[PDB]
Amino acid sequence: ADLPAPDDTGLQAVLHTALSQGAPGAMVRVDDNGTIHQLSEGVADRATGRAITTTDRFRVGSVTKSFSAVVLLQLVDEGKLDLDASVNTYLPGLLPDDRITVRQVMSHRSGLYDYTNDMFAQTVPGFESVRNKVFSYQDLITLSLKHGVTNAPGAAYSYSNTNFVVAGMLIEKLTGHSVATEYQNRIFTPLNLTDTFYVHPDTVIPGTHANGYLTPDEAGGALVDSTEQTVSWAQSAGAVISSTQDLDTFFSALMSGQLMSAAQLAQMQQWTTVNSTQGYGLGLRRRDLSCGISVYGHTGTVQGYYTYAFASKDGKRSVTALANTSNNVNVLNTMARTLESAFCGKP
Ligand SMILES: *C(=O)[C@@H](NC(=O)/C(=N\OC)c1csc(N)n1)[C@@H]1N=C(C(=O)O)C(=C)CS1
């Protein structure tokens with residue numbers, strides 16, 4: 001049915017709170033079926049003092065998985081990929097088990113160890129070690145394969161970045177084009193997303209952007225500017241750059257059925273249980289809100305940025321919130337509240 005009115009004061013309180021908890025800046029945009037809501041507080045660059053705004057560009061991290069999933073599902077629509085075929089069928093000798101399918105990799109049921117557990121054990125030293133490095137898809141898979149699988153094929157949900165590194169490799173193999181070209185042609189261009197880029201391995205964010213600040217592991221540590229990095233450790237799992245308006249457009253288009261066939265969208269929303277209030281389909285998350293409504297989209301965490309991009313079942317209302325800091329669980333939990341205010345409204 002019709003959603004309650006978004007609560008702008010509640011949203012203001014959420015942003016203000018994230019600022020009191022360590023986030024230099026924070027903002028949220030709500031596209032409510034043609035009526036826009038925009039709020040922001042804090043700075044985009046804590047050194048120069050520039051204010052953050054809802055037009056600022058940022059790194060979306062893991063939200064990138066929805067972009068990748070959309071490309072793969074279109075490939076299914078075209079007859080080039082079968083979700084239930086072995087990953088080894090399309091990429092011979094890649095994985096140690098032929099029973100792991102494309103569907104399992106897309107929904108995090110493959111058992112592949114997540115190599116970031118090795119890279120970022122120590123947050124700051126980990127970021128300094130990989131920020132300027134360029135990795136191939138093979139490099140990452142091989143890092144994952146040094147460890148055994150964590151469960152039998154399809155047996156259980158376990159989030160792993162590796163799954164979407166494999167996703168990127170699949171896209172390039174089946175199409176013969178880089179993933180950048182694929183995103184541009186199938187998603188960016190058609191949707192006219194002018195603030196959305198996949199520039200890997202470039203370290204600059206084009207145009208006006210919010211800088212990201214990595215919180216150190218030690219309490220009271222000085223913030224580290226993490227804005228410029230290759231994001232080569234994530235690639236098809238988390239290197240997309242976008243804006244609130246573009247992510248709002250992308251998720252509203254996805255949910256209203258404009259990015260693929262109805263048959264594939266239903267496949268994408270085939271939920272594996274994550275916990276009591278969350279689900280994961282094919283590169284898509286479901287969050288159950290307190291007022292009894294569910295939102296669809298994805299979260300993203302990459303050094304210096306926390307992103308929440310969700311939309312209603314029909315795509316009529318979409319929301320993108322962003323705080324420019326990471327490795328701060330208080331800011332992470334607080335920002336999730338923009339969802340309650342935006343979709344559930346005034347308590
Ligand atoms: C997506 O963004 C990805 N995030 C990471 O790999 C993380 N660090 O990257 C520098 C990360 C995981 S949780 C955290 N505080 N940092 C995946 N996305 C999430 C998410 O928070 O949305 C995960 C829970 C799994 S890893």
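Position 1 is the first residue of the sequence, and the numbers go up from there. All ligand and atom numbering here is 1-based and tracks the order in the structure.
Between the side chain of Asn327 and the main chain of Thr215, a donor-acceptor pair closer than 3.5 Å is present. Side chain of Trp271 to main chain of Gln269: a donor-acceptor pair is present (N/O by atom type, distance under 3.5 Å, no hydrogens or angles).
The structure places CD of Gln74 at 10.0 Å from CD1 of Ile171, a figure rounded to the nearest 0.5 Å.
Note: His108 and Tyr159 have parallel aromatic rings, judged against thresholds of 30 and 60 degrees for the angle between ring planes. Using cut-offs of 30° and 60° on the angle between ring planes, the pair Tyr280 and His298 is perpendicular. Using a 30° and 60° split on the angle between ring planes, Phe250 and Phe67 fall in the parallel class, below 30°.
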Contact table ligand 1 N or O to protein N or O, d under 3.5 Å:
from, atom 1, to, atom 2, distance (Å)
ligand 1, 2 (O), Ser62, N, 2.8
ligand 1, 2 (O), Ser62, OG, 2.3
ligand 1, 2 (O), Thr301, N, 3.0
ligand 1, 2 (O), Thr301, O, 2.6
ligand 1, 2 (O), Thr301, OG1, 3.3
ligand 1, 4 (N), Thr301, O, 3.4
ligand 1, 4 (N), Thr301, OG1, 2.9
ligand 1, 6 (O), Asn161, ND2, 3.1
ligand 1, 16 (N), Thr301, OG1, 3.4
ligand 1, 18 (N), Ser62, OG, 3.2
ligand 1, 21 (O), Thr301, OG1, 3.4
ligand 1, 22 (O), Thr299, OG1, 2.6

